[PDB]
Amino acid sequence: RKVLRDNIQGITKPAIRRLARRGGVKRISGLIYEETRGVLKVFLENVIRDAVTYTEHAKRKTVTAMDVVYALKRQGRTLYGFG
Amino acid sequence: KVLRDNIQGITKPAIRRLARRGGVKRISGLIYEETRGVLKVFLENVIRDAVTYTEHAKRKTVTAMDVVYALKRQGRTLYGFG
Amino acid sequence: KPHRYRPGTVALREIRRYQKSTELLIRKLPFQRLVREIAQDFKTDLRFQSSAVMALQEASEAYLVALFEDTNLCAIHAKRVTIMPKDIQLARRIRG
Amino acid sequence: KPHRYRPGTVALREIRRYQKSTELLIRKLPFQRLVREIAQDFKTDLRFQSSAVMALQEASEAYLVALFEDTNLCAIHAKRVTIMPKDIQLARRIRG
Amino acid sequence: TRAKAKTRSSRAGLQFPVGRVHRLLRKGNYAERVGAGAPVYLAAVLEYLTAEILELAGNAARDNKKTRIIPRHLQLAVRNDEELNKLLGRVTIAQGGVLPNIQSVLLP
Amino acid sequence: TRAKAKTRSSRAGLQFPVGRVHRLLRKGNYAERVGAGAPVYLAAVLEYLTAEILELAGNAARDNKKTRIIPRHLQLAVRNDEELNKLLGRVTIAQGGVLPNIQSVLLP
Amino acid sequence: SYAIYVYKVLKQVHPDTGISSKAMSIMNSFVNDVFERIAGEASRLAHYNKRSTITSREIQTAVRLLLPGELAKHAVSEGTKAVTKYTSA
Amino acid sequence: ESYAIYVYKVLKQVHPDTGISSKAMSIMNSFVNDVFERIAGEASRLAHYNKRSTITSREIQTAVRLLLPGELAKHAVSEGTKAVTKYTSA
DNA sequence: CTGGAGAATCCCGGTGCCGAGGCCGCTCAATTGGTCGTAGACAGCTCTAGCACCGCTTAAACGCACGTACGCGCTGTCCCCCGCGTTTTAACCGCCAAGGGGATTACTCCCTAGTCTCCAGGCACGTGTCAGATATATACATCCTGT
DNA sequence: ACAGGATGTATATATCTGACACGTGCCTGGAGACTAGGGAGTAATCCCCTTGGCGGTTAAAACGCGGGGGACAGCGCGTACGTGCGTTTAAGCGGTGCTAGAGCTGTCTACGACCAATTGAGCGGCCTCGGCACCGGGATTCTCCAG
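Protein chains in written order, with the numbering used here: chain Y, 1390 to 1472; chain R, 1181 to 1262; chain W, 212 to 307; chain C, 212 to 307; chain A, 237 to 344; chain L, 237 to 344; chain D, -3 to 85; chain B, 759 to 848.
Rendered as structure tokens:
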């Protein structure tokens, strides 16, 4: 467990089914799971990437929660509950 | 005289031509009245906000800039009038 | 023999022709009177700039163009080619 | 005689249950290592706050929830109850 | 030696700090000058909205016989008000959840 | 009597006016202070983007055998450049029309 | 923070009800965010009309721009009343 | 005051034998002013989030990297960086 | 379709722990009390252009006749994802230990705002011409009737 | 589907004008140069919490074996909107005259920023107990089998 791995399954399939239930989804296609990994992956890359842009500007080696919050704000998805 | 029922002045053929410019190929008959209502409410919101600027602006005539800022207010910035 | 053409052909010609051009497709005076009439609820006998009304026509028709494109995306998405009010309602819901 | 529930029963029960509750559903360490793993492209051996990963889960799950609600609006709007990838794609297009 | 100080909020019969909010306005890069009635007026509006949300959250807390407010009630309160939901349609509240909302065609 | 002046744009090999952009920055309520490399950097970026869109626009005007640029070519330039289109996805240009985009299923 | 002030308002609305720290942080984020929105819109209102001062007029108009219906109306009622009260004192 | 003739100078760099219209120039001025305000606003948030009270070319550079997608941002950093460097030796 | 059986979850009852809530030093920030400079309200006036009004045409709206091309439900096909138990991992939980680095403070540099003068690119405002408005005729393009 | 005919539309070609392009008088805003203040870097530190290790359990991921329940196409019904055309209008075009009011200019007052000194509410840390967690057991509730 040193460098990149098969952690794309880390958001697991039953976890996707649970989150979909919390989202109100009643039936889930088999293609939806792969679609969720890809679309969610891309989205997170965008937002977290922007957070990293803040952090690399911030002259830090540790990503703080504020970078994630401001990153969410950057896309008009402002976050309440972390400062 | 005072104006009344000018919501029908935005004619159905004009709406057809716009929808063709909008890329619509077939238009239901209910769409025309739905469009008058939806577009009406929308314009009430944006223009109303422009009037809020104007009444704040201590003017009796609405300038184009008010409309531009109103469009910006809803994140629909307008190029070509100031 | 009439030269009455077929349903959809002239529509397509309007699509290509009017999407090839850019001029406004609504009469100035009725639209302007509609603006003043709805505007009545703030000041009676309101005076408006002509070019402002023209800008209102610009914004209005462009907004309709984009909204109906989204509507068309929903209709084709929902396997239709005839737009329905529900598509417009869905568009307004997702747009906020 | 197995004690097995019908399709949708457990689904709807967990809908009401997990929508009634508000606790996080993704495992801490795998998701955090996935975050660091994707984050590898900027700095090697990154140190991340635990609470930052907590916020990442919050934004991720909430974003997926809202996005799938819109997907559901499209599917039901398109006369389905089983969501498809192109609904997510349409949602991304309307959102941008 | 000098005359006693009372909060400008109390002079307006308010709880929110006119001074601190006013300072955030001054240091917030918004304009060269901020009118004296502005922080009083703003603090009154925010305290009013706050009272609305807290009042609804209090009610929601009563609906489960609990005296300690948790984020879930704030979620219910925000999404159950049309004008606040219109104010907060793109915002995410941590640990709030979602209002129970299942489309009619999905319910049996 | 004083020394030979020279625009900051030319010293940076730029066309866009450093001074007015810097003035808008100062009087635009953004920060206590704005760094010296900021206006030069900004004018270079905007000038570069301007060159990109005017280049695409000029080519588009050439495509219709005309020498005067009209808004239509600006609309074409914006919606045809993916990154600029992303930058301007929710902005409305008056008298611009749209790109010819008919959904494939709608064509015969 | 503004924590104890939200607690003060809570004691005005529900004297026997408490509140978690995490929810209090959320409310602090709400106050700061909406605050920044209101001040930003007031800032552009000053800009548009070539004003360099944000007064009660700009705030009032901005509130009317940002808040829908009765929240705005009663916000003007409570705010205006309050400004009157301070104008007395 | 507008950027009209400056856009014309850029036009003379890209297409010397091509003309323009006042309305399209107004559109371009609106584009420059709008994108300008976006960049300055984001730079303001960048200074604020880390409680910096100074917007420098570093904040502008990062801001540009935030706003412009991909290769346009890379060439923006290229042209701006080269430009600023070229100026700082004069 | 109507009626009986069972478990999950809620709920009903009973128990102990710790974080929320209340206290307690200890700041440091909001308040008051002045003063200074100025943004902006106000009054009258200018004079554009908006209102108001005149007059004739047909672009455009409205309506009708006609046909066509569009949505939608049902049944079947099939097909695939949900449900649950079982195994297995390894996250989780509970536990052990160093020091990286976040955050701080202390120094000191040096970068950026502010001014005054000067002047030159640009501002407003006129002028001529070729872009563009207009005219006329046609193969090509597009449709469509016809075979 | 294949072929030929008819007409719109851009195109070939040909003509006429005005708004764009360029010039001028003038100005006011940007550059030079200079100062002064103060934001942020650098160095080195403390100690939190991150990293990195041990160790057992079962939550949870993965998988398999049904099988229930959902997407989708065909297809036939069956509608209603588009296209064009003829009539009619008032917008359009263009033409007339005045003054409402945007905008300016000159007033002068009023308001918000600013600084310093004090201080009391609030900040940070520190307990305390009943909210909450935990547990055990039945009603309700919801599902599902049964006749």
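Where is the CB? At the ideal position from N, CA and C, for every residue including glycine.
Check	Outcome
Proximity test, Cβ basis, 9 Å: R/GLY1262 and chain B	yes
Limits of the unbroken alpha helix (DSSP H) element including B/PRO774	Counting along the chain, B/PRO774 falls outside any alpha helix (DSSP H), and DSSP gives it neither H nor E.
Residue-level contact to chain A via CB, Y/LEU1408, 9 Å cutoff	no
Given 8 Å, three or more beta-carbon pairs between the segment 36 to 53 of chain D and the segment 272 to 279 of chain A	yes
Contact list for the segment 771 to 788 of chain B against chain R, Cβ threshold 7 Å	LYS781, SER784, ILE785 and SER788
Residue-chain proximity (A/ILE289, chain C), Cβ-Cβ < 9 Å	no
Cβ-based burial, R/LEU1210 [other Cβ within 10 Å; buried from 16]	exposed
Distance, L/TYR284 Cα to B/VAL772 Cα	11 Å
Cβ-Cβ distance between B/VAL822 and L/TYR277 below 9 Å	yes
R/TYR1233 at chain D interface by Cβ criterion, 9 Å	yes
Inside the segment 1416 to 1456 of chain Y only - alpha helix (DSSP H) runs reaching at least 4 residues	1419 to 1446
Supposed contact pair B/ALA805 and L/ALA267 - C-beta distance, whole angstroms, cut 8 Å	5 Å
Alpha-carbon spacing of C/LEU235 relative to Y/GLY1470, whole angstroms	15 Å
Bounding residues of the alpha helix (DSSP H) (the contiguous stretch that carries L/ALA287)	273 to 299
Contact between the segment 253 to 262 of chain C and the segment 1400 to 1413 of chain Y (3+ Cβ pairs under 8 Å)	no
Any chain A beta carbon closer than 9 Å to L/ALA267	yes
Chain C within 9 Å of Y/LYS1402, Cβ atoms only	no
Under the three-state DSSP convention, the category L/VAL334 falls into	coil
Neighbour flag for A/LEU278 against chain C, beta carbons, 9 Å	no
Contact check, A/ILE306 vs A/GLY294, beta carbons under 9 Å	no
8 Å CB neighbourhood of L/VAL254 in its chain, flanking five on each side removed	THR243, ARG244, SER245, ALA248, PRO275, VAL276 and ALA279
Assigned secondary structure, W/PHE279 (DSSP; H/G/I helix, E/B strand, else coil)	helix
Any chain W beta carbon closer than 9 Å to C/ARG303	no
According to DSSP, residues forming a beta bridge with A/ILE305	D/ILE15
Start-to-end residues for the alpha helix (DSSP H) that takes in W/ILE226	220 to 231
Y/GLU1424 versus Y/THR1467: straight-line alpha-carbon distance, rounded	25 Å
C-alpha distance - W/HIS214 paired with R/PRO1193, whole-angstrom precision	21 Å
Test: C/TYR216 CB closer than 9 Å to a CB of chain Y	no
Rounded separation between B/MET786 and B/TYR761 - CA only	9 Å
Terminal residues of the alpha helix (DSSP H) in which C/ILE305 lies	296 to 306
For L/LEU290, the nearest candidate out of B/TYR764, B/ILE763, B/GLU759 and B/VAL768 (CA to CA)	B/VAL768
Nearest neighbour of C/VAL292, chosen from A/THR237, A/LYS263, A/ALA239 and A/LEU342 [CA to CA]	A/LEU342
Any chain D beta carbon closer than 9 Å to R/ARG1253	yes
W/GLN251 and R/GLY1203 closer than 9 Å at C-beta	no
Separation of A/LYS240 from Y/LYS1462, as counted between CA atoms	42 Å
Chain-ordered chain W contacts of C/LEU275 [CB-CB under 7 Å]	None at all; the shortest Cβ gap to chain W is about 16 Å.
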